[PDB]
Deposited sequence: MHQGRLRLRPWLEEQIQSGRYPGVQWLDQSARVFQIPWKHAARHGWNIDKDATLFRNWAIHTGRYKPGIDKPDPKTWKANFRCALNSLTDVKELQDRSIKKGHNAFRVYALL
């Protein structure tokens, strides 16, 4: 379920740093950066997967980021391009 969701998130542009680097190639970029106030991809992914209920349980970005890294790293159809940001290609 992560690949369909992630595609629209890059598209929304409502996540600073989360943008296409080569839209033709579906190559995009995630800002990989215990308090984070911002509405990051990790937070909204925890919201969407039902694992964070804003305002009623206490924010926790360490776990948001950890759990997003598990989902994204286990996608077979998303590959990381490697040599504070990660570059991925949709496939």
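As a test: can you identify every run of the deposited sequence that has no C-alpha position in this structure, in order? Model skips 1 to 6, 40 to 46, 97 to 104 of the deposited chain.
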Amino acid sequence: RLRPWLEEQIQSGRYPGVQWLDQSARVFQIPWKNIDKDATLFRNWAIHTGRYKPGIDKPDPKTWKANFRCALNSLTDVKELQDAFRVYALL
From here on, numbers count along this sequence of modelled residues.
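CA B-factor placement of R43, once the chain's modelled residues are sorted into thirds: According to the entry, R43 has a C-alpha B-factor in the chain's lowest third.
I56 - which third its CA temperature factor falls in, relative to the rest of the chain: Highest third of the chain for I56's C-alpha B-factor.
Considering only modelled residues of the same chain, in which third does the CA B-factor of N73 rank: lowest, middle or highest? Tercile = lowest for this residue's CA B-factor.
Is the Cα B-factor recorded for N67 in the lowest, middle or highest third of its chain? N67: CA B-factor falls in the lowest third of its chain.
So where's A89 on the chain's Cα temperature factor ranking, which third? Tercile = middle for this residue's CA B-factor.
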